[PDB]
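A.B. asks: Here it is: the structure, laid out below.
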Amino acid sequence: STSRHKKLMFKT
Amino acid sequence: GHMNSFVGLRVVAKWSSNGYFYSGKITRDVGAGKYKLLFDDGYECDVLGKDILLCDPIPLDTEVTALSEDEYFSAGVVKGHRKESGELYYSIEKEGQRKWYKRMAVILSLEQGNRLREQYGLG
């Protein structure tokens, strides 16, 4: 699972 | 004299996979009106001149998405500015709360970025 938008779910 | 040929300027651009508007620097003129853009997260894509905004300190009273170092993401409105040693900040009023976010932590939804292409666009 994650907590971030469209593309900015980057490695950091 | 004026600044150089785009290449080197801090600007905001549309990520080319029909996305939103993220902050970066022009790295090269790809050709025909496309410029290569290094986004502040470290990513690179080609972007057309219309889709790059070079007079864009994020305007106060504009609606924006905001991102925290604890990974939270939501939207609100710019209502202030700060400068810190060599970088730029934006107070976002989010859920009724005036909260400091980074240049690159303040991201413009595509319909917001459209209202800026007209005035700030390279194209």
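Ordered as shown in the structure tokens, chains take letters A, B, and onward, while each chain numbers its residues from 1 and ligands are numbered from 1 in the order shown.
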So which residues touch residue 5 (chain A) within 9 Å, counting only C-alpha atoms, skipping near sequence neighbours fewer than 4 positions away, as a count of residues only?

C.D. replies: 3

A.B. asks: Set the cut-off to 8 Å and count only C-alpha atoms: what are the residues of chain B that reach chain A? Output as a PyMOL selection string.

C.D. replies: chain B and resi 19+41+71-73

A.B. asks: Please list as an mmCIF file with C-alpha atoms, in the first residue's frame every residue within 9 Å of residue 44 (chain B), counting only C-alpha atoms and excluding residues in the same chain fewer than 4 positions away.

C.D. replies:
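What ended up in out.cif:
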```cif
data_model
loop_
_atom_site.group_PDB
_atom_site.id
_atom_site.type_symbol
_atom_site.label_atom_id
_atom_site.label_comp_id
_atom_site.auth_asym_id
_atom_site.auth_seq_id
_atom_site.Cartn_x
_atom_site.Cartn_y
_atom_site.Cartn_z
ATOM 1 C CA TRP B 15 5.118 15.574 -16.769
ATOM 2 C CA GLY B 24 12.329 21.459 -12.205
ATOM 3 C CA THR B 27 18.528 20.826 -18.973
ATOM 4 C CA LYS B 36 14.278 18.450 -21.539
ATOM 5 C CA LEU B 37 13.277 19.031 -17.888
ATOM 6 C CA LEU B 38 15.009 17.738 -14.739
ATOM 7 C CA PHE B 39 12.260 17.669 -12.105
#
```

A.B. asks: With distances taken over only C-alpha atoms, which residue among B:49, B:1, B:123, B:76 lies nearest residue 100 (chain B)?

C.D. replies: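 Once distances to residue 100 (chain B) are computed over only C-alpha atoms, the minimum belongs to B:76.
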
A.B. asks: Tell me, as an NGL selection string, which residues lie within 10 Å of residue 66 (chain B), counting only C-alpha atoms; anything in the same chain fewer than 3 positions away does not count.

C.D. replies: :B and (63 or 72-78 or 90-94 or 99-108)

A.B. asks: What's the separation between CA of residue 56 (chain B) and CA of residue 12 (chain B), in Å to one decimal place?

C.D. replies: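 CA of residue 12 (chain B) lies 6.9 Å from CA of residue 56 (chain B).
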
A.B. asks: Within chain B, find each residue whose DSSP state, derived from the backbone, is alpha helix (DSSP H), and express the selection as a VMD selection string.

C.D. replies: chain B and resid 110 to 120

A.B. asks: Using DSSP on the backbone coordinates, identify all residues within region 18-54 of chain B classified as strand (DSSP E); present the result as a count of residues only.

C.D. replies: 24

A.B. asks: Mind checking which residues fall within 12 Å of residue 112 (chain B), counting only C-alpha atoms, ignoring those fewer than 2 positions away in the same chain, and posting them as a list in words?

C.D. replies: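 Result of the neighbour search: residues 14, 20, 21, 22, 53, 56, 58, 59, 61, 62, 63, 64, 65, 75, 77, 107, 108, 109, 110, 114, 115, 116, 117 and 118 of chain B.
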
A.B. asks: If you keep N, CA and C atoms, can you produce a file of those selected residues as a PDB file, in the first residue's frame?

C.D. replies:
```pdb
ATOM      1  N   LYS B  14       4.807  20.316 -17.098  1.00  0.00           N
ATOM      2  CA  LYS B  14       3.887  19.172 -17.113  1.00  0.00           C
ATOM      3  C   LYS B  14       4.666  17.896 -17.435  1.00  0.00           C
ATOM      4  N   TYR B  20       0.371  16.030 -14.044  1.00  0.00           N
ATOM      5  CA  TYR B  20       0.258  17.327 -13.355  1.00  0.00           C
ATOM      6  C   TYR B  20       1.568  18.121 -13.551  1.00  0.00           C
ATOM      7  N   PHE B  21       1.657  19.295 -12.921  1.00  0.00           N
ATOM      8  CA  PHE B  21       2.736  20.263 -13.108  1.00  0.00           C
ATOM      9  C   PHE B  21       3.667  20.239 -11.888  1.00  0.00           C
ATOM     10  N   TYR B  22       4.930  19.877 -12.121  1.00  0.00           N
ATOM     11  CA  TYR B  22       5.954  19.669 -11.092  1.00  0.00           C
ATOM     12  C   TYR B  22       7.154  20.602 -11.347  1.00  0.00           C
ATOM     13  N   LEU B  53       6.558  26.579 -17.521  1.00  0.00           N
ATOM     14  CA  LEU B  53       6.148  27.815 -16.868  1.00  0.00           C
ATOM     15  C   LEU B  53       7.364  28.451 -16.184  1.00  0.00           C
ATOM     16  N   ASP B  56       6.944  31.539 -12.746  1.00  0.00           N
ATOM     17  CA  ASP B  56       6.033  30.803 -11.878  1.00  0.00           C
ATOM     18  C   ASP B  56       6.488  30.570 -10.422  1.00  0.00           C
ATOM     19  N   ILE B  58       4.870  30.140  -7.255  1.00  0.00           N
ATOM     20  CA  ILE B  58       3.468  29.682  -7.240  1.00  0.00           C
ATOM     21  C   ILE B  58       2.543  30.786  -6.696  1.00  0.00           C
ATOM     22  N   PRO B  59       1.610  31.324  -7.506  1.00  0.00           N
ATOM     23  CA  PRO B  59       0.853  32.498  -7.112  1.00  0.00           C
ATOM     24  C   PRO B  59      -0.004  32.200  -5.892  1.00  0.00           C
ATOM     25  N   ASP B  61      -3.139  32.657  -3.465  1.00  0.00           N
ATOM     26  CA  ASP B  61      -4.547  32.439  -3.783  1.00  0.00           C
ATOM     27  C   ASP B  61      -4.804  31.423  -4.924  1.00  0.00           C
ATOM     28  N   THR B  62      -3.775  30.722  -5.442  1.00  0.00           N
ATOM     29  CA  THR B  62      -3.966  29.579  -6.356  1.00  0.00           C
ATOM     30  C   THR B  62      -4.079  28.268  -5.573  1.00  0.00           C
ATOM     31  N   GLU B  63      -4.895  27.357  -6.094  1.00  0.00           N
ATOM     32  CA  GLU B  63      -5.134  26.038  -5.513  1.00  0.00           C
ATOM     33  C   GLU B  63      -4.052  25.052  -5.967  1.00  0.00           C
ATOM     34  N   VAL B  64      -3.555  24.259  -5.021  1.00  0.00           N
ATOM     35  CA  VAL B  64      -2.387  23.381  -5.178  1.00  0.00           C
ATOM     36  C   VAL B  64      -2.489  22.129  -4.307  1.00  0.00           C
ATOM     37  N   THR B  65      -1.762  21.084  -4.690  1.00  0.00           N
ATOM     38  CA  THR B  65      -1.532  19.905  -3.845  1.00  0.00           C
ATOM     39  C   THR B  65      -0.252  20.120  -3.032  1.00  0.00           C
ATOM     40  N   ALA B  75      -4.784  18.654  -0.789  1.00  0.00           N
ATOM     41  CA  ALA B  75      -4.812  19.943  -1.486  1.00  0.00           C
ATOM     42  C   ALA B  75      -5.417  21.102  -0.679  1.00  0.00           C
ATOM     43  N   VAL B  77      -4.569  25.916  -0.628  1.00  0.00           N
ATOM     44  CA  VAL B  77      -4.338  27.169  -1.379  1.00  0.00           C
ATOM     45  C   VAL B  77      -3.148  27.922  -0.854  1.00  0.00           C
ATOM     46  N   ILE B 107       2.648  21.200  -5.633  1.00  0.00           N
ATOM     47  CA  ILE B 107       2.475  20.693  -7.002  1.00  0.00           C
ATOM     48  C   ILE B 107       1.124  21.175  -7.557  1.00  0.00           C
ATOM     49  N   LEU B 108       1.109  21.571  -8.829  1.00  0.00           N
ATOM     50  CA  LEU B 108      -0.022  22.252  -9.472  1.00  0.00           C
ATOM     51  C   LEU B 108      -0.833  21.210 -10.262  1.00  0.00           C
ATOM     52  N   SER B 109      -2.109  21.026  -9.912  1.00  0.00           N
ATOM     53  CA  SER B 109      -3.046  20.195 -10.687  1.00  0.00           C
ATOM     54  C   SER B 109      -3.131  20.696 -12.135  1.00  0.00           C
ATOM     55  N   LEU B 110      -3.367  19.826 -13.129  1.00  0.00           N
ATOM     56  CA  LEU B 110      -3.260  20.222 -14.554  1.00  0.00           C
ATOM     57  C   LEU B 110      -4.167  21.395 -14.946  1.00  0.00           C
ATOM     58  N   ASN B 114      -2.810  24.947 -16.454  1.00  0.00           N
ATOM     59  CA  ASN B 114      -3.426  25.567 -17.639  1.00  0.00           C
ATOM     60  C   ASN B 114      -3.577  27.092 -17.529  1.00  0.00           C
ATOM     61  N   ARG B 115      -4.131  27.585 -16.414  1.00  0.00           N
ATOM     62  CA  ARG B 115      -4.316  29.025 -16.137  1.00  0.00           C
ATOM     63  C   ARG B 115      -2.998  29.807 -16.099  1.00  0.00           C
ATOM     64  N   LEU B 116      -1.870  29.098 -15.985  1.00  0.00           N
ATOM     65  CA  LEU B 116      -0.529  29.666 -16.006  1.00  0.00           C
ATOM     66  C   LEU B 116       0.139  29.541 -17.389  1.00  0.00           C
ATOM     67  N   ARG B 117      -0.174  28.519 -18.216  1.00  0.00           N
ATOM     68  CA  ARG B 117       0.423  28.356 -19.569  1.00  0.00           C
ATOM     69  C   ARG B 117       0.275  29.613 -20.423  1.00  0.00           C
ATOM     70  N   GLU B 118      -0.879  30.264 -20.319  1.00  0.00           N
ATOM     71  CA  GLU B 118      -1.215  31.492 -21.046  1.00  0.00           C
ATOM     72  C   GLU B 118      -0.252  32.671 -20.833  1.00  0.00           C
TER      73      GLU B 118
END
```
